[PDB]
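**Q** Following this message is one structure expressed as structure tokens.
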Amino acid sequence: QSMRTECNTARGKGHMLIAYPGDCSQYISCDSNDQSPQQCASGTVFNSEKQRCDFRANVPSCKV
């Protein structure tokens, strides 16, 4: 809850190119509140709590 050892949070400007597109932003906000703060959408991985496990070939989790 309370961590005073995050003085190294200034090291996220090297491989943060994951935020290139925009769909990732519209999915991170449309997936977090959609079911829960478990949204993992980042291009083709909607590991959101909404049960959208499609991190592979964008396969929809249409569990019968």
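Residue numbering restarts at 1 for every chain of the structure tokens, chains are lettered A, B, ... in their displayed order, and ligands are numbered from 1 as they appear.
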Extract, using only C-alpha atoms, all DNA, RNA and protein residues at most 10 Å from residue 22 (chain A), discarding same-chain residues fewer than 4 positions from it, and format them as a list in words.

**A**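 Contacts, with the query itself left out: residues 26, 27, 42 and 43 of chain A.
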
**Q** Write out, as a short mmCIF file (atom, residue, chain, number, x, y, z; two decimals), in the first residue's frame, the residues just selected, with C-alpha atoms.

**A**
```cif
data_model
loop_
_atom_site.label_atom_id
_atom_site.label_comp_id
_atom_site.auth_asym_id
_atom_site.auth_seq_id
_atom_site.Cartn_x
_atom_site.Cartn_y
_atom_site.Cartn_z
CA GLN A 26 -8.80 2.70 -26.01
CA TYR A 27 -8.61 -0.93 -24.89
CA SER A 42 -1.50 -4.17 -25.72
CA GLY A 43 -1.85 -4.78 -29.45
#
```

**Q** Region 29-38 of chain A: which residues within 8 Å, counting only C-alpha atoms, same-chain residues fewer than 4 positions away excluded, as an MDAnalysis selection string?

**A** chainID A and resid 25 46:50

**Q** Just to confirm, what's the straight-line distance from CA of residue 15 (chain A) to CA of residue 61 (chain A) in Å (one decimal)?

**A** 29.5 Å

**Q** For residue 59 (chain A), list every protein, DNA or RNA residue within 12 Å, evaluated using only C-alpha atoms, and leave out those in the same chain fewer than 5 positions away; present the list as a ChimeraX atom specification.

**A** /A:44-47,51-54

**Q** Residues as selected, C-alpha atoms, written as a PDB file, in the first residue's frame, can you do that?

**A**
```pdb
ATOM      1  CA  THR A  44      -3.340  -8.277 -29.471  1.00  0.00           C
ATOM      2  CA  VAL A  45      -3.546  -9.428 -25.852  1.00  0.00           C
ATOM      3  CA  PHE A  46      -6.851  -8.553 -24.188  1.00  0.00           C
ATOM      4  CA  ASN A  47      -6.075 -10.351 -20.926  1.00  0.00           C
ATOM      5  CA  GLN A  51     -12.622 -12.878 -20.233  1.00  0.00           C
ATOM      6  CA  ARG A  52     -11.023 -11.731 -23.488  1.00  0.00           C
ATOM      7  CA  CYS A  53      -7.939 -13.957 -23.430  1.00  0.00           C
ATOM      8  CA  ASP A  54      -6.855 -13.409 -27.034  1.00  0.00           C
TER       9      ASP A  54
END
```

**Q** My list of candidates is A:58, A:63, A:9, A:41. Which is closest to residue 21 (chain A) when distances are computed with only C-alpha atoms?

**A**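 The closest residue to residue 21 (chain A) is A:41.
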